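Peer 1: Fold the following.
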Amino acid sequence: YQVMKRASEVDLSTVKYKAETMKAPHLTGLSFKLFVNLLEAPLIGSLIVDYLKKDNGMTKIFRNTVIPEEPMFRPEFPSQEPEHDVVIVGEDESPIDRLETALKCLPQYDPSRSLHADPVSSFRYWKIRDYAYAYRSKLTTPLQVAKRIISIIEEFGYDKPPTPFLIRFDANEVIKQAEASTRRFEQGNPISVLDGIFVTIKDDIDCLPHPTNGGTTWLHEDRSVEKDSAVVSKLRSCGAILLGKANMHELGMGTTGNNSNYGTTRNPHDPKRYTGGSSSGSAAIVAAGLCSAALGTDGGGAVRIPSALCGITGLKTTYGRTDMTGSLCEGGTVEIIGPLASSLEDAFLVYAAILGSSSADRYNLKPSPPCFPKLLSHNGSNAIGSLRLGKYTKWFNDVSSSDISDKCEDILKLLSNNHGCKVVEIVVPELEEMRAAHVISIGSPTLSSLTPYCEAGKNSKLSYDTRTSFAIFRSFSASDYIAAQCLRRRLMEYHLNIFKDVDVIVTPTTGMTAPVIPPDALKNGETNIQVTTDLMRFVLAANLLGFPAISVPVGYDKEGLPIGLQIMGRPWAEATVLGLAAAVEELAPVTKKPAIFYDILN
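Peer 2: Residues are numbered from 1 along each chain as shown. Shown next is the protein structure:
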């Protein structure tokens, strides 16, 4: 009739791993179209929604389980111990000053990578300091790099359907921004290290002069943009060149990248496969080399998932670390804005430029001052070696393919052998309640902000993928929301006790590599829950609780498809997470060149 739980009075050895996937049929095309009309039906739709909601097990938790906890609406973490061996930069500092101190944490630039490249050598991505050195040594100009990029976009149709990396592009604006950056190098005074660097902005973030649509063809009618977002105003102040708006899953509701409205984005390593949602275009354009780095929103692993499936670095910062003002997901409790880059230097430098809490989140969350990890190996290089890499064996090998399990374990063995890290066995209880508490924690703020527009006769202007969840989200009652916030406090107390014994939690970012796109799904979408289950398996902890996670590319499988590793550290410990991932890519650099690659600067 009812179940009773607790958190403080819970044995650690009494919790066992439950590997039951959310079984749901896969409907594409007309069968998917008729299914959406069945969910929106008056009498039929309401009865069918409760049927699916009771099958997976989300009704037992919400309306048939007594909870002892108090609702934790936002991540509430206590003051943590200081990150050993870092540099504290000012919170109220400017992104120009923070980039200067960020360059002090990087090793000295070796011109042997750019100039005098050996004819027989391995493949490597063009870094940010490679672009900045060629700008200062008059090797190339940002105006020429822009013309070479626009030529690629207008040739392969990367700004055009049905395979668009971008859904909003202005060629005259890109040339105008590269023209202003060019004069700054000709006169001999660049703004910072980011001057002349192209960065793509996701379509759920405001960026002038382009409108913010978020994957729909109607949001610009009801939502207008007049100011740059908090992250764009920081990047534009550093001299960066905002390329355009990247393709994404519609309204950030997805984990594959399917967009039956503007066009689905293909994976650079295999165009017949997905990129990963919801930052689909923001991850492919970086993996293709067309730009240095890009920004994307991480609501439900929307940054780490596509970064792992494409073989690039995706950083999920702590909740409130990066000001979210001027985006579609502002006000949420699980969403952040993190950078996607080809390497870690680019992700570090971009992070140093956009890292800033808002005036509201500063008083509420009380963040510690930001810190940059000393990426210099000398003198000791033991600050990373003295770490407890906590991992859940039952929550590590639950991958659909065994290639990811062996490849990620080699990194743990390499980190333990070359640096002396200890792998401490941990346990993460109540993993089923995390998925149920998360889906309502993110769907409710998204549906509420779109409800006045959907009630305005514009609900039919959404994709069938979004309309599938909007009928599920519209059935979540207010009492179900309060019951989920109490679950967030339970999982907050578990993880905060986990961080007492370990420093980070190392797990694979996803449970599968890049999946092949069904040909029938390119018409109006799909609803394969088994695929989305394997992807959101390891990213929900950083979103529901607000912890800083990363997605460092570790290697490839037997099919040459990228594989990612997740490092989730203490609150406000981006320096600890970025420092460990720096040792990971040194033990496993990116070697394979994607099938869709473009080498600028030549």
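
Peer 1: so what secondary structure elements neighbour the longest helix seen in the chain?
Peer 2: For the chain, the longest helix by residue count, based on DSSP state H, is helix 431-453. If contacts are counted by 3 or more Cβ pairs under 8 Å, 6 or more residues apart in numbering; DSSP states H and E, helix 431-453 sits against helix 58-63, helix 464-473, helix 478-498, helix 540-544. C-beta coordinates here come from the backbone N, C-alpha and C atoms, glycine included.

Peer 1: what's the closest of those helices to residue 29?
Peer 2: With Cβ to Cβ as the measure, helix 464-473 is the member of those nearest residue 29 (9.9 Å).

Peer 1: got the angle between the closest one and helix 431-453?
Peer 2: Helix 464-473 runs at 100 degrees relative to helix 431-453, counting by axes from the mean of the first three to the mean of the last three Cα atoms, to 10 degrees.

Peer 1: May I have helix 464-473 as PDB, with CA atoms only?
Peer 2: Extracted C-alpha coordinates of helix 464-473, given in PDB (Å, rounded to 0.1, in the frame of the first residue of the first chain):
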ATOM      1  CA  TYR A 464       6.600  15.100 -32.600                       C
ATOM      2  CA  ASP A 465       9.600  14.300 -30.400                       C
ATOM      3  CA  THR A 466       9.000  17.300 -28.200                       C
ATOM      4  CA  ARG A 467       5.200  16.900 -28.300                       C
ATOM      5  CA  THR A 468       5.700  13.300 -27.000                       C
ATOM      6  CA  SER A 469       7.300  14.600 -23.800                       C
ATOM      7  CA  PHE A 470       5.100  17.700 -23.500                       C
ATOM      8  CA  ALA A 471       2.100  15.400 -22.900                       C
ATOM      9  CA  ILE A 472       4.200  13.500 -20.300                       C
ATOM     10  CA  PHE A 473       5.300  16.700 -18.700                       C
END
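
Peer 1: for that helix, the distance to its chain's centre please.
Peer 2: Centre-to-centre, helix 464-473 and its host chain are 22 Å apart (Cα atoms, centre = their mean, to the nearest Å).

Peer 1: same check, this time on stretch 48-58
Peer 2: Remark: stretch 48-58 is offset 29 Å from the chain centroid, using Cα atoms, centre = their mean.

Peer 1: and what of stretch 121-134?
Peer 2: The answer for stretch 121-134 is 23 Å, by Cα atoms, centre = their mean.

Peer 1: Can you pull out the residues in contact with that stretch?
Peer 2: Contacts to stretch 121-134, defined as Cβ atoms under 8 Å, 6 or more residues apart in numbering, come from residues 106, 109, 111, 113-114, 139-140, 145, 190, 193-197, 289, 292-293, 342-343, 345-346, 349, 589-593, 599-601.

Peer 1: From residue 9, how far out is the residue nearest the centre of the chain?
Peer 2: Nearest to the mean C-alpha position of the chain, counting by Cα atoms, centre = their mean, stands residue 303 at 1.3 Å. Residue 303 sits 36 Å away from residue 9, taking Cβ to Cβ, to the nearest Å as the criterion.

Peer 1: now residue 535
Peer 2: Residue 535 sits at a distance of 34 Å from residue 9 (criterion: Cβ to Cβ).

Peer 1: Specify which residue of the two has the higher count of neighbours.
Peer 2: Neighbour count, other Cβ atoms under 10 Å: between residue 535 and residue 9, residue 535 has more, with 26 against 7.

Peer 1: can you tell me which residues contact that one?
Peer 2: By Cβ under 8 Å, 6+ apart, the contact set of residue 535 is 255-256, 276, 301, 305, 510-512.

Peer 1: In the stretch 251-400 of the chain, mark out all the helices, start to finish.
Peer 2: Taking DSSP state H, counting those that start in this stretch as the criterion, the stretch 251-400 of the chain carries its helices at 280-287, 304-310, 344-354, 359-365.

Peer 1: list the helices and strands the longest one packs on?
Peer 2: The one in question is helix 344-354. Against helix 344-354 (3+ Cβ pairs under 8 Å, 6+ apart) you get helix 95-105, helix 128-136, helix 230-237, strand 293-298, strand 313-316, strand 336-341, helix 574-587.
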